[PDB]
Ligand SMILES: O=C(O)COCCO
């Protein structure tokens, strides 16, 4: 082992956030070609598989408002995205979109998944789109929530608030910007998010490059989608214009159900869990 003091603190906060999980779960690691990947499993072992991919910097622990509902019907695996601030441990990771799809391939294979439902928010939504485009044979259908780029490039403010996280009151600035009411987030969850931001001496993040993430799919790439997609966006979205995003997605993706949700922004799964929970279920059913 070799975690810094800040790393140990982050791990402790992650474990404390897992107490917000209102159903029985197990934490475990899956070996992939790009390193040990942390997974939280909930739901009946014989139920259809569902894979969750969290938003940037938030980890799999963010699914606490949704997991009781989704877990009732699905064998639900919350996967920590390799290279992001969480419990997954990256090895030899270049950061290309090919690499990331192959990482997720390994996760699927190692969980014994043939086809799966997928839900991804923010960064996880981008991973989801990248995966379903490359490997439609493995995805039954996908719910893409407030995706990182994918349809539109970020507004420049996203870069600024994300960068500002480590300086002075950056965490508070980021959350007040992104959320009309950041008090919808549990204080224990926020403590973890803060500890993540303070943990800076761990794995080095791959420098953003043209062949990596974030990414905006071309017109032709979007037209090529062969998996049903539910796209949920929040009216109060700040990372881009959510109506502009819906317009582009709806213009090109063949099999899409897209909507801009009321009284929610970027982290719509946490702001409107009652609506979002049912809406996703209805789509999968
Ligand atoms: O979108 C988020 O939840 C945090 O992303 C900032 C990246 O450093």
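In this note's numbering, the protein residues as written are 7 to 291. Think of the CB as a built atom: it goes at the ideal place given N, C-alpha and C, for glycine as much as any other residue.
Ignore the nearest five residues each way along the sequence and tell me which others in residue i's own chain have a CB closer than 7 Å to its CB.
| i | result |
| --- | --- |
| residue 53 | 79, 80 and 81 |
| residue 313 | This structure cannot speak to residue 313, because the chain is shown only from 7 to 291. |
| residue 135 | 150, 153, 156 and 223 |
On the three-state DSSP scale, how would you describe residue i?
| i | result |
| --- | --- |
| residue 43 | strand |
| residue 126 | strand |
| residue 232 | coil |
| residue 55 | strand |
| residue 145 | strand |
| residue 73 | helix |
When the Cα of residue i is compared with those of the options, which residue comes out closest?
| i | options | result |
| --- | --- | --- |
| residue 166 | 125, 47, 153 and 184 | 184 |
| residue 23 | 245, 243, 288 and 193 | 193 |
| residue 293 | 32, 213 and 127 | No statement about residue 293 is possible, as the shown extent of the chain runs from 7 to 291 and does not include it. |
| residue 172 | 148, 204 and 26 | 204 |
| residue 228 | 138, 201, 162 and 151 | 138 |
| residue 235 | 289, 51 and 120 | 289 |
| residue 264 | 151, 190, 146 and 272 | 151 |
Rounded to the nearest angstrom, what separates residue i and residue j at their Cα positions?
| i | j | result |
| --- | --- | --- |
| residue 211 | residue 122 | 28 Å |
| residue 259 | residue 230 | 7 Å |
| residue 206 | residue 12 | 8 Å |
| residue 68 | residue 225 | 32 Å |
| residue 34 | residue 107 | 21 Å |
| residue 283 | residue 213 | 35 Å |
| residue 160 | residue 244 | 9 Å |
| residue 200 | residue 93 | 15 Å |
Could you tell me which residues DSSP pairs with residue i in its beta bridges?
| i | result |
| --- | --- |
| residue 172 | The partner list for residue 172 (beta bridge, DSSP) is empty, contrary to what the question assumes. |
| residue 266 | 239 |
| residue 151 | 127 and 238 |
| residue 83 | 47 and 57 |
| residue 156 | 222 |
Can you name, in chain order, every residue of its own chain whose Cβ lies under 6 Å from the Cβ of residue i, other than the five neighbours on each side?
| i | result |
| --- | --- |
| residue 154 | 128, 129, 132 and 220 |
Identify, in the order they occur along the chain, each residue of the same chain with its Cβ nearer than 8 Å to the Cβ of residue i, setting aside the five sequence neighbours on each side.
| i | result |
| --- | --- |
| residue 180 | 167, 168, 170 and 171 |
| residue 38 | 88, 109, 112, 113 and 116 |
| residue 26 | 67, 70, 192, 194 and 195 |
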